[PDB]
>>> print(open('start.pdb').read())   # PDB, C-alpha atoms and all ligand atoms
ATOM      1  CA  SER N1236     -33.298  27.763  14.997
ATOM      2  CA  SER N1237     -29.875  27.931  13.337
ATOM      3  CA  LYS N1238     -28.277  29.059  16.599
ATOM      4  CA  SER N1239     -29.813  26.095  18.424
ATOM      5  CA  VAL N1240     -28.569  23.691  15.744
ATOM      6  CA  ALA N1241     -25.020  25.013  16.027
ATOM      7  CA  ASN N1242     -25.068  24.834  19.827
ATOM      8  CA  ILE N1243     -26.310  21.239  19.952
ATOM      9  CA  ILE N1244     -23.710  20.218  17.372
ATOM     10  CA  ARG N1245     -20.933  21.784  19.443
ATOM     11  CA  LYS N1246     -22.105  20.067  22.631
ATOM     12  CA  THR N1247     -22.309  16.640  20.990
ATOM     13  CA  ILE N1248     -18.904  17.115  19.358
ATOM     14  CA  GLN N1249     -17.284  17.992  22.684
ATOM     15  CA  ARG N1250     -18.891  15.012  24.412
ATOM     16  CA  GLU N1251     -17.723  12.553  21.755
ATOM     17  CA  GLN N1252     -14.236  14.080  21.721
ATOM     18  CA  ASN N1253     -13.922  13.593  25.469
ATOM     19  CA  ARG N1254     -15.230  10.026  25.292
ATOM     20  CA  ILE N1255     -12.831   8.989  22.523
ATOM     21  CA  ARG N1256      -9.825  10.694  24.110
ATOM     22  CA  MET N1257     -10.539   8.992  27.436
ATOM     23  CA  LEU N1258     -10.873   5.681  25.586
ATOM     24  CA  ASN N1259      -7.473   6.191  23.937
ATOM     25  CA  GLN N1260      -5.709   5.335  27.211
ATOM     26  CA  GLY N1261      -7.048   1.774  26.855
ATOM     27  CA  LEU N1262      -4.092   0.721  24.678
ATOM     28  CA  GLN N1263      -0.726  -0.460  25.985
ATOM     29  CA  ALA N1264       1.959  -0.125  23.305
ATOM     30  CA  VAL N1265       1.494  -2.998  20.890
ATOM     31  CA  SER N1266       4.777  -3.959  19.195
ATOM     32  CA  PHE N1267       3.968  -4.720  15.546
ATOM     33  CA  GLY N1268       6.935  -4.510  13.206
ATOM     34  CA  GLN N1269       8.351  -1.028  13.651
ATOM     35  CA  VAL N1270       4.947   0.259  14.813
ATOM     36  CA  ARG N1271       5.177   0.739  18.583
ATOM     37  CA  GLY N1272       1.618   1.875  19.287
ATOM     38  CA  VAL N1273      -1.775   2.777  17.888
ATOM     39  CA  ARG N1274      -3.933   5.763  18.766
ATOM     40  CA  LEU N1275      -7.102   7.547  17.686
ATOM     41  CA  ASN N1276      -6.878  11.219  16.720
ATOM     42  CA  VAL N1277     -10.219  13.016  17.107
ATOM     43  CA  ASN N1278     -10.292  16.759  16.479
ATOM     44  CA  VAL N1279     -13.050  19.175  15.516
ATOM     45  CA  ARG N1280     -12.381  20.213  11.931
ATOM     46  CA  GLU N1281     -11.658  23.901  11.381
ATOM     47  CA  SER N1282     -13.305  23.856   7.953
ATOM     48  CA  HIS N1283     -16.454  22.909   9.879
ATOM     49  CA  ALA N1284     -15.748  25.060  12.938
ATOM     50  CA  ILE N1285     -16.023  28.100  10.666
TER      51      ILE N1285
ATOM     52  CA  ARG X 393      21.597 -30.499   8.746
ATOM     53  CA  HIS X 394      24.090 -27.843   7.612
ATOM     54  CA  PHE X 395      21.474 -25.445   6.249
ATOM     55  CA  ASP X 396      19.318 -25.625   9.370
ATOM     56  CA  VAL X 397      22.418 -24.689  11.360
ATOM     57  CA  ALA X 398      23.645 -21.851   9.146
ATOM     58  CA  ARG X 399      20.321 -19.998   9.180
ATOM     59  CA  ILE X 400      20.010 -20.275  12.952
ATOM     60  CA  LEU X 401      23.598 -19.194  13.529
ATOM     61  CA  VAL X 402      23.092 -16.124  11.350
ATOM     62  CA  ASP X 403      19.901 -15.283  13.228
ATOM     63  CA  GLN X 404      21.930 -15.299  16.440
ATOM     64  CA  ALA X 405      24.867 -13.333  15.029
ATOM     65  CA  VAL X 406      22.943 -10.463  13.431
ATOM     66  CA  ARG X 407      21.307  -9.540  16.747
ATOM     67  CA  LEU X 408      24.811  -8.744  18.051
ATOM     68  CA  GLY X 409      25.768  -5.297  16.823
ATOM     69  CA  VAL X 410      26.185  -4.194  13.225
ATOM     70  CA  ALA X 411      28.983  -4.265  10.654
ATOM     71  CA  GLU X 412      30.605  -0.891  10.033
ATOM     72  CA  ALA X 413      31.921  -1.895   6.599
ATOM     73  CA  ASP X 414      28.356  -2.030   5.242
ATOM     74  CA  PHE X 415      28.466   1.766   4.792
ATOM     75  CA  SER X 416      31.705   1.688   2.769
ATOM     76  CA  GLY X 417      30.042   0.861  -0.553
ATOM     77  CA  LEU X 418      32.410  -2.093  -1.008
ATOM     78  CA  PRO X 419      30.525  -5.377  -1.559
ATOM     79  CA  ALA X 420      31.688  -8.362   0.449
ATOM     80  CA  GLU X 421      32.838 -11.623  -1.101
ATOM     81  CA  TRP X 422      31.110 -15.004  -1.010
ATOM     82  CA  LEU X 423      33.359 -16.862   1.411
ATOM     83  CA  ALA X 424      33.073 -20.638   1.324
ATOM     84  CA  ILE X 425      32.161 -22.097   4.716
ATOM     85  CA  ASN X 426      32.471 -25.812   3.904
ATOM     86  CA  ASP X 427      33.011 -28.357   1.155
ATOM     87  CA  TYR X 428      30.244 -29.212  -1.348
ATOM     88  CA  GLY X 429      29.876 -25.514  -2.201
ATOM     89  CA  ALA X 430      28.271 -23.480   0.588
ATOM     90  CA  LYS X 431      28.957 -19.750   0.704
ATOM     91  CA  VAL X 432      28.242 -16.757   2.931
ATOM     92  CA  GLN X 433      28.260 -13.001   2.300
ATOM     93  CA  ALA X 434      28.733 -10.842   5.388
ATOM     94  CA  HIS X 435      31.088  -8.125   6.556
ATOM     95  CA  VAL X 436      32.856  -8.418   9.891
ATOM     96  CA  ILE X 437      30.616  -7.400  12.791
ATOM     97  CA  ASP X 438      32.529  -4.645  14.600
ATOM     98  CA  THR X 439      30.147  -2.171  16.267
ATOM     99  CA  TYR X 440      28.533  -4.001  19.182
TER     100      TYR X 440
ATOM    101  CA  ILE A   2      20.233 -20.215 -26.231
ATOM    102  CA  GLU A   3      21.867 -19.139 -22.955
ATOM    103  CA  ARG A   4      19.058 -16.958 -21.650
ATOM    104  CA  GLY A   5      20.170 -13.653 -20.197
ATOM    105  CA  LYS A   6      20.152 -13.222 -16.439
ATOM    106  CA  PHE A   7      19.721 -10.494 -13.871
ATOM    107  CA  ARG A   8      22.957 -10.791 -11.905
ATOM    108  CA  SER A   9      22.343  -8.243  -9.145
ATOM    109  CA  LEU A  10      20.198  -5.409  -7.811
ATOM    110  CA  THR A  11      21.729  -2.348  -6.148
ATOM    111  CA  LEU A  12      19.930   0.155  -3.920
ATOM    112  CA  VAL A  13      21.773   3.363  -3.021
ATOM    113  CA  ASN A  14      20.399   5.708  -0.355
ATOM    114  CA  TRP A  15      17.050   3.937  -0.135
ATOM    115  CA  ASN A  16      15.164   3.867   3.167
ATOM    116  CA  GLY A  17      17.262   1.502   5.272
ATOM    117  CA  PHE A  18      19.625   0.571   2.417
ATOM    118  CA  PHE A  19      22.388   3.156   2.127
ATOM    119  CA  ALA A  20      24.325   1.054  -0.396
ATOM    120  CA  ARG A  21      23.184  -2.568  -0.660
ATOM    121  CA  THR A  22      23.777  -4.959  -3.553
ATOM    122  CA  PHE A  23      21.860  -8.230  -3.733
ATOM    123  CA  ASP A  24      23.200 -11.001  -5.966
ATOM    124  CA  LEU A  25      20.145 -12.475  -7.660
ATOM    125  CA  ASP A  26      20.424 -16.233  -7.969
ATOM    126  CA  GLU A  27      20.206 -17.913 -11.352
ATOM    127  CA  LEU A  28      17.090 -19.792 -10.182
ATOM    128  CA  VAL A  29      15.621 -18.442  -6.920
ATOM    129  CA  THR A  30      16.403 -15.557  -4.570
ATOM    130  CA  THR A  31      14.689 -15.468  -1.172
ATOM    131  CA  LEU A  32      14.526 -12.336   0.953
ATOM    132  CA  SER A  33      13.692 -13.283   4.529
ATOM    133  CA  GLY A  34      13.111 -11.259   7.668
ATOM    134  CA  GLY A  35      10.507 -10.253  10.193
ATOM    135  CA  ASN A  36       7.877  -7.593   9.594
ATOM    136  CA  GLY A  37       9.475  -4.289   8.664
ATOM    137  CA  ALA A  38      12.722  -5.964   7.585
ATOM    138  CA  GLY A  39      12.428  -4.302   4.173
ATOM    139  CA  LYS A  40      11.663  -6.999   1.591
ATOM    140  CA  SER A  41       8.792  -5.317  -0.228
ATOM    141  CA  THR A  42      11.110  -2.298  -0.333
ATOM    142  CA  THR A  43      13.738  -4.320  -2.207
ATOM    143  CA  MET A  44      11.165  -5.651  -4.658
ATOM    144  CA  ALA A  45       9.857  -2.104  -5.105
ATOM    145  CA  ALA A  46      13.395  -0.990  -5.946
ATOM    146  CA  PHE A  47      13.627  -3.724  -8.567
ATOM    147  CA  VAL A  48      10.268  -2.801 -10.099
ATOM    148  CA  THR A  49      11.104   0.913 -10.118
ATOM    149  CA  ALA A  50      14.358   0.236 -11.944
TER     150      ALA A  50
HETATM  151  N1  LIG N1301       6.015   4.741   1.922
HETATM  152  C1  LIG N1301       6.569   4.518   3.118
HETATM  153  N2  LIG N1301       6.746   5.566   3.948
HETATM  154  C2  LIG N1301       7.302   5.352   5.143
HETATM  155  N3  LIG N1301       7.730   4.205   5.673
HETATM  156  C3  LIG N1301       7.543   3.186   4.830
HETATM  157  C4  LIG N1301       6.984   3.249   3.566
HETATM  158  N4  LIG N1301       6.948   1.993   2.982
HETATM  159  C5  LIG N1301       7.477   1.214   3.893
HETATM  160  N5  LIG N1301       7.857   1.866   5.034
HETATM  161  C6  LIG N1301       8.468   1.283   6.220
HETATM  162  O1  LIG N1301       9.664   0.669   5.801
HETATM  163  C7  LIG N1301       9.923  -0.510   6.595
HETATM  164  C8  LIG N1301       9.990  -1.667   5.637
HETATM  165  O2  LIG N1301       8.809  -1.680   4.810
HETATM  166  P1  LIG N1301       8.484  -2.909   3.876
HETATM  167  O3  LIG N1301       7.176  -2.788   3.203
HETATM  168  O4  LIG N1301       9.672  -3.104   2.951
HETATM  169  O5  LIG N1301       8.491  -4.113   4.889
HETATM  170  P2  LIG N1301       8.610  -5.696   4.805
HETATM  171  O6  LIG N1301       9.816  -6.207   5.469
HETATM  172  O7  LIG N1301       8.441  -6.073   3.341
HETATM  173  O8  LIG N1301       7.305  -6.166   5.543
HETATM  174  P3  LIG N1301       6.348  -7.429   5.619
HETATM  175  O9  LIG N1301       7.293  -8.621   5.660
HETATM  176  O10 LIG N1301       5.469  -7.338   6.813
HETATM  177  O11 LIG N1301       5.606  -7.422   4.288
HETATM  178  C9  LIG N1301       8.717  -0.633   7.523
HETATM  179  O12 LIG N1301       9.021   0.168   8.657
HETATM  180  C10 LIG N1301       7.637   0.134   6.770
HETATM  181  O13 LIG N1301       6.843   0.740   7.778
END
>>> encode(input="start.pdb", output="structure tokens")
Amino acid sequence: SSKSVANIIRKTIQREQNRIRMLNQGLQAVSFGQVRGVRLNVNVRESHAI
Amino acid sequence: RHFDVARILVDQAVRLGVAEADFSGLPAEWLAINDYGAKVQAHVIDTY
Amino acid sequence: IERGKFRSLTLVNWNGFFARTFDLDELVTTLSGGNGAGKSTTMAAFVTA
């Protein structure tokens, strides 16, 4: 049961990572003050990967 | 109208290069730019 | 009588201000510039001093 839980979590995490990273390319360099762009950083956490 | 000119003029001038003296640590003086007591503080703009 | 006055505010080696002295007015001083121009930074320098 624990193995199945871990596997499903990994699959869902990968799917959401891919979706968000693909979505990131939907922004086109907004020029606000000195900020030249905005981006989302999604990464599986190592403290949880362990 | 003088004020409304000065501001605008400065806005146009500061887009053109920088002033190298601003790194010298020597404050600039308040040069009078008309009668009635109007003054301006800016180093010469050298580095375009 | 003759209230004391802040006559100036000097930042040295601050972010964007290597050596900048502002001459505070006796009544009102007005920093003015677009976003990121560094006005809250100047007021932070004053407060920190
Ligand atoms: N703690 C900080 N670390 C890094 N950069 C900072 C920090 N605080 C401010 N900055 C940057 O310094 C520049 C000036 O910041 P500041 O807050 O002084 O802007 P400002 O001109 O007062 O802005 P606004 O008019 O929009 O309030 C901006 O690029 C801001 O991103």
>>> resolve_selection(input="start.pdb", expression="the PyMOL selection byres (((not hetatm)) within 7 of (chain N and resi 1301))", output="PDB file with C-alpha atoms, keeping the file's coordinate frame")
ATOM      1  CA  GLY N1268       6.935  -4.510  13.206  1.00  0.00           C
ATOM      2  CA  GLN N1269       8.351  -1.028  13.651  1.00  0.00           C
TER       3      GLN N1269
ATOM      4  CA  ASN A  16      15.164   3.867   3.167  1.00  0.00           C
ATOM      5  CA  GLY A  34      13.111 -11.259   7.668  1.00  0.00           C
ATOM      6  CA  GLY A  35      10.507 -10.253  10.193  1.00  0.00           C
ATOM      7  CA  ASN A  36       7.877  -7.593   9.594  1.00  0.00           C
ATOM      8  CA  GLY A  37       9.475  -4.289   8.664  1.00  0.00           C
ATOM      9  CA  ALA A  38      12.722  -5.964   7.585  1.00  0.00           C
ATOM     10  CA  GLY A  39      12.428  -4.302   4.173  1.00  0.00           C
ATOM     11  CA  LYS A  40      11.663  -6.999   1.591  1.00  0.00           C
ATOM     12  CA  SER A  41       8.792  -5.317  -0.228  1.00  0.00           C
ATOM     13  CA  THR A  42      11.110  -2.298  -0.333  1.00  0.00           C
ATOM     14  CA  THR A  43      13.738  -4.320  -2.207  1.00  0.00           C
TER      15      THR A  43
END
>>> residues_around(input="start.pdb", residues="segment 1274-1284 of chain N", least_positions_apart="6", cutoff="12 Å", atoms="only C-alpha atoms", output="VMD selection string")
chain N and resid 1241 to 1242 1244 to 1265
>>> closest_residue(input="start.pdb", among="A:44, A:21, A:4, A:31", to="residue 419 of chain X", atoms="only C-alpha atoms")
A:21
>>> interface_residues(input="start.pdb", of="chain X", to="chain A", cutoff="10 Å", atoms="all atoms listed in the file", output="PyMOL selection string")
chain X and resi 403+414-420+433
>>> residues_around(input="start.pdb", residues="residue 398 of chain X", least_positions_apart="2", cutoff="12 Å", atoms="all atoms listed in the file", output="list in words")
residues 393, 394, 395, 396, 400, 401, 402, 403, 404, 405, 425, 426, 430, 431 and 432 of chain X
>>> atom_distance(input="start.pdb", atom1="atom CA of residue 429 of chain X", atom2="atom CA of residue 11 of chain A")
24.9 Å
>>> atom_distance(input="start.pdb", atom1="atom CA of residue 407 of chain X", atom2="atom CA of residue 440 of chain X")
9.4 Å
>>> atom_distance(input="start.pdb", atom1="atom CA of residue 32 of chain A", atom2="atom CA of residue 1266 of chain N")
22.3 Å
>>> axis_aligned_box(input="start.pdb", around="segment 1267-1280 of chain N", padding_each_side="4 Å", output="AutoDock Vina command-line options")
--center_x -2.3 --center_y 7.7 --center_z 15.6 --size_x 29.4 --size_y 32.9 --size_z 15.4
